[PDB]
Amino acid sequence: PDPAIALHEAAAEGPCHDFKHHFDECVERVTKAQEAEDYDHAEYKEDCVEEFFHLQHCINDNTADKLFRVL
Amino acid sequence: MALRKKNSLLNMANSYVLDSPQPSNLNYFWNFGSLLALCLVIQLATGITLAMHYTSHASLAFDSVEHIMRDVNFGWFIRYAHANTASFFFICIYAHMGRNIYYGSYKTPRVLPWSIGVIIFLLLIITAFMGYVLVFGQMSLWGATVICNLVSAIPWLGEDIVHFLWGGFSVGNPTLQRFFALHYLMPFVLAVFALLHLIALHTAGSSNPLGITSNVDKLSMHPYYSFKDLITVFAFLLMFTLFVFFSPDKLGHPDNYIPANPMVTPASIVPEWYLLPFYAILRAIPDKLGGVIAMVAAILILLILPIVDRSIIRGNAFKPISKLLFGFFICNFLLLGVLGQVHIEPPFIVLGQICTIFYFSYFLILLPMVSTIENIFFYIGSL
Amino acid sequence: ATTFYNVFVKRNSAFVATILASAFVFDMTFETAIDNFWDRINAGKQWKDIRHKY
Amino acid sequence: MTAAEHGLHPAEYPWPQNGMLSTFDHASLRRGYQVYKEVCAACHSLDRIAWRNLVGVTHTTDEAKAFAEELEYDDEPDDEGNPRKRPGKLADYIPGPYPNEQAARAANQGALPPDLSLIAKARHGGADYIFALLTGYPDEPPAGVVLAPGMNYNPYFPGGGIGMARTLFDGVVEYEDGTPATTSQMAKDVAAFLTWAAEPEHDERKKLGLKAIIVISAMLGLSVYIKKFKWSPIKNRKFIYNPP
Amino acid sequence: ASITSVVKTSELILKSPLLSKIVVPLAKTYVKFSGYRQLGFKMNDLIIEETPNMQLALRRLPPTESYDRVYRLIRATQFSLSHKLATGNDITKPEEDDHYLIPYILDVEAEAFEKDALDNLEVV
Amino acid sequence: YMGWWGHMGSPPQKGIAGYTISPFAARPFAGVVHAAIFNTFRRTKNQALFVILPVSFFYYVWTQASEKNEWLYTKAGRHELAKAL
Amino acid sequence: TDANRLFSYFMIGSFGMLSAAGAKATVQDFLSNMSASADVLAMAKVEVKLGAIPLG
Ligand code: HEC
Ligand code: HEM
Ligand code: HEM
Ligand SMILES: CCCCCCCCCCCCO[C@@H]1O[C@H](CO)[C@@H](O[C@H]2O[C@H](CO)[C@@H](O)[C@H](O)[C@H]2O)[C@H](O)[C@H]1O
Ligand SMILES: CCCCCCCCCCCCO[C@@H]1O[C@H](CO)[C@@H](O[C@H]2O[C@H](CO)[C@@H](O)[C@H](O)[C@H]2O)[C@H](O)[C@H]1O
């Protein structure tokens, strides 16, 4: 099984917890906003890409070296 | 009489490389001239060699460069050497121009070598632009497209001239084949002008870092500057080695490893790094023609330094205010370079314009003012 | 050590011959030495290290 | 531009070939060829690589001739001028999955899978980008991303919507050397292989650079001694002035 | 610029009390930071000499002044190539920084500028 | 403006006596340690301001501009970006 | 002393030796570009089967 799966999960719960929370909160908001009607006829549709990038960037910083060490 | 003086041919060599009387106090910034000569020699040797393996036809050009990388013995080295030395050529040429501006090499009696030098600089730009197109990667094509479209700005005849340059209605095979021929030629023209500016200089002799006459204290060019030039040759070769062997693509744009595709437009079309300041100057002016004129003027304005520098003293070694102004000018030129590669977005739009204004105001306002004031301070200050 | 100067250095013909012979020796030995050094720092990585499997 | 439009920048992974004195791991290269052959070659060509290029890098002469001989290539016409096929030779280039661009796009919902011979040089990031992209398909696109039809979300790709679906899953390849074929292992191997494909001179280049660095360093040191030696009469010069 | 211009402008400043009060101290600091005295130069040694006018002025120097100028230039060149500064007696003290050349160049230029004027005279 | 050896165009020189020693008689690296430390420190100290002032100013300018640009293209900077265009 | 001269000529000679070794390497590697490239050397040793060819 893929070593990356575990390392990414560990880094999310640990050193990247703040970023994990931001992404989570973001998704909650956006999904709820999509649930509401007349969302399709809004000007601005919020995404979670920014928060996702912050999280992924963080995970990668805490994982890259560990992952390549076990391949 | 010694043969090297008696024989007319040897005596010409002698007068330039051996008995040539030089100031005894040239510092390491006088070594860029020989490094530029070394770059020119490397570019000729590697360039002529690439020409033996490169095919100028648009159907084969990109593939011929891959063939050089992959199939030709040491082709990788010759290709990377040629490509990286083009970057070093501009580092050295900017250093050489920087030295000349700081030490007032453009003042009388050296206006002519300076002015011929400004033309050498233009030929280098043209040479390097055409050479870049020859790869016929995405940046090659799109760079040629946008740079050649600047000529469309010339009123009345502009469009006709662009079609004439291209040999066609877009950048394609005819353009590529003609740029090959001219790219081969232009370095020889550049070598002739480089030789002319030296011959022009030989009437006054080299300036020196104090800006005083050296007629009182001369040194033969050889052995003293011969062996001093070796140090920078080996320092240069070390820097060359680190790029060519260990990071050959650090100075390159990845998009040039994608074959030219007239349909797909790359994300960001930027020139090679050494042309970026001129590109920033062009973007600063909103008008198309205005932008082109400004870009050319940014180079041609160097020709007025002999006039706008009003100092009674040659060069900046002893001029604290001029040294500060020069520092700001150089750093602004580097900022322009950086703004040449950012996206056309806030807040870099306004910043680019301010840097462009600072660039021109150095020649037109600040240098004439500062040089006038320092004249007065030296006179009153020493009474 | 005067002897060494007199034999190898005094005549430029001899000095240039010495330099070129030394360059020959250097070139051959340096080649061999770097080859071995390169193989030790890149041990088990190169084709010659895995070739034996095939 | 927005970060989305740029793509997330890939992590710096410690590749075996990173390091001034480091070659590729050829065992990884060989494994990576097997990933190319069993996964990527379905859609992506490797047109600049000939069978002969694998020899003495990843495979012996015999293995590579075997690979070449399994395929049919266009021969010179026969004596009646009819087209003929021949078995492949080491000089032949590895053949592509599609005869032209149009066929490639038709098979990939309009997207054209690029040739991979240069892709490691042709993208910012190189090996790291290829590794990040192959391994970086999230289970679910970040909430609020609208993918165009036939696009897949991948943050490393600029814009986020990539026409290539996730293709590496645990055990799509069975490595012949017994290495566990995990998504990450396969991505590392194929990314190494593609890096080699883009720059096959890499190993030789770095060795010659080591020789150059050493010689040029010594020459630089000596040139400094010699300069100082020859200049000492000028540096050491002394004056006595008696006004006349 | 001409030495004439520099000298005239400086005299306008030294006349105006206000101007001199603010300019003289600045110019003295400027000259201290300029640092030419640290190479044993006098100010006048630094004036560009490759001009017909300045060559003429240098030819008009008294032999003594001329020989000493050559020494200061040679000495400074040696400090420059050595990357050393003058020490002790080689440093130019403010009292030794005399305008030995300014009178000669002002005379040369006076004649050259009169010549230009008179080449443009119109009988009335 | 410059002649050649023997007629270089120097004003007449008289009364400067110049002394030097053979390269073989001198230690080429005499006082190198002192120079490499004290002389280089002196020369660098005297030129430091002329480099530091412009570099620090233009680096600060670039830093401010790049940080603003980055911020304008976030969610948070949407409104300020809309006005800036 | 002869020791004294010899030492400085050892430095000059070493520099000449590395310059010679470096030049030889540079010349040899660089000119080799003009020897048959890899693709030419491949389109060279033609292999033919013999099973296909009948007697006579
Ligand atoms: C069945 C289809 C398919 C398979 C299997 C496939 N790809 Fe792709 N790939 C594509 C398509 C289509 C694109 C173009 C995506 C686009 O431009 O939107 C692509 C794009 C890429 C890109 C470049 C993305 C970019 O930046 O332009 C790389 C690198 C890549 N693939 C590598 C691989 C590797 C490595 C494998 C497998 C080990 C692989 N691909 C498997 C279809 C495939
Ligand atoms: C191929 C490009 C060039 C080469 C090979 C070259 C070469 C040289 C050489 C060998 C010297 C004498 C030594 C030195 O001062 O460094 C020199 C001096 C000079 N060059 Fe260049 N040069 C080139 C380009 C330029 C350019 C672009 C300019 C000006 C814009 C220029 C202006 C000068 C001036 C003014 C001098 C006299 C400087 C002085 O000694 O005070 N040159 N050049
Ligand atoms: C001042 C001298 C020269 C400069 C500044 C110069 C610059 C360049 C540049 C920038 C490129 C693009 C390189 C790349 O990214 O691949 C190039 C390519 C090329 N140049 Fe030159 N060049 C010079 C002299 C020459 C000469 C004399 C020739 C003789 C034909 C030549 C032949 C080529 C060829 C064939 C290419 C295309 C192959 C390639 O891209 O490597 N060059 N040149
Ligand atoms: C830098 C590359 C090396 C090759 C040299 C360049 C080739 C082209 C040079 C010839 C151009 C004319 O160059 C000119 O030649 C003559 C004699 O050679 C020189 O004349 C100079 O030296 C000779 C003796 O050495 C004297 O008779 C004369 O009084 C003096 O001025 C000029 O100062 C130089 O300007
Ligand atoms: C002014 C010129 C005077 C006439 C001189 C003629 C020189 C022409 C020489 C070309 C000879 C090249 O021939 C060949 O050189 C290469 C390097 O280039 C050597 O190659 C050796 O080192 C290279 C790296 O340098 C490796 O890639 C290679 O695996 C190894 O075998 C070969 O062992 C030799 O067979």
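Cβ from N, Cα, C; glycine included.
Pulled from Swiss-Prot:
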| type | residues | note |
| --- | --- | --- |
| BINDING | B:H82, B:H183 | heme b b562 binding site |
| BINDING | B:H96, B:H197 | heme b b566 binding site |
| BINDING | B:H202 | ubiquinone binding site |
| TRANSMEM | B:32-52 | transmembrane segment |
| TRANSMEM | B:76-98 | transmembrane segment |
| TRANSMEM | B:113-133 | transmembrane segment |
| TRANSMEM | B:179-199 | transmembrane segment |
| TRANSMEM | B:225-245 | transmembrane segment |
| TRANSMEM | B:289-309 | transmembrane segment |
| TRANSMEM | B:321-341 | transmembrane segment |
| TRANSMEM | B:348-368 | transmembrane segment |
Please report, as numbers and ranges, the same-chain residues at least 6 past the borders of the transmembrane segment (B:32-52) whose CB is under 8 Å from any CB of it.
68, 78-79, 81-82, 85-86, 88-89, 92-93, 95-96, 99, 131, 180, 184, 187, 190-191, 194, 229, 232-233, 236
Fewest other C-beta atoms within 10 angstroms, as judged across B:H82, B:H96, B:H183, B:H202, which are the binding-site residues:
B:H202
Tell me which binding-site residues (B:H82, B:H96, B:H202) have a Cβ under 6 A from ligand 3; sequence order is fine.
B:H82
For B:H197 (heme b b566 binding site), write down the residues of its own chain that are at least 6 apart in sequence and whose Cβ falls under 8 Å from its Cβ; none is a fine answer.
B:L112, B:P113, B:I116, B:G117, B:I120
Filter the binding-site residues B:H82, B:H183, B:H202 down to those whose C-alpha lies within 10 angstroms of the C-alpha of B:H96 (heme b b566 binding site); answer none if the list is empty.
none
Output the single range from B:76-98, B:179-199, B:225-245, B:321-341, B:348-368 maximising the number of Cβ pairs under 8 Å to the transmembrane segment (B:113-133).
B:179-199
Report, as numbers and ranges, every residue of the chain located at least six residues beyond the transmembrane segment (B:179-199) whose Cβ falls under 8 Å of a Cβ in that stretch; write 'none' if there are none.
16, 36-37, 40, 43-44, 47, 51, 54, 56, 112-113, 116-117, 119-120, 123-124, 126-127, 130-131, 133-134, 144
Range from B:76-98, B:225-245, B:321-341, B:348-368 with most C-beta pairs under 8 A to the transmembrane segment (B:289-309):
B:348-368
Report, as numbers and ranges, which residues of the same chain sit near the transmembrane segment (B:348-368): CB under 8 Å and 6 or more residues beyond its ends.
280-281, 283-285, 294, 297-298, 301-302, 304-305, 308-310, 322, 325, 328-329, 332-333, 335-336, 339, 342
Scan B:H82, B:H96, B:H183, B:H197, B:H202 for binding-site residues whose C-beta lands under 6 Å from an atom of ligand 4 and note them, or write none.
B:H202
Roughly how many Å lie between the Cα atoms of B:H202 (ubiquinone binding site) and B:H183 (heme b b562 binding site), rounded to a whole value?
29
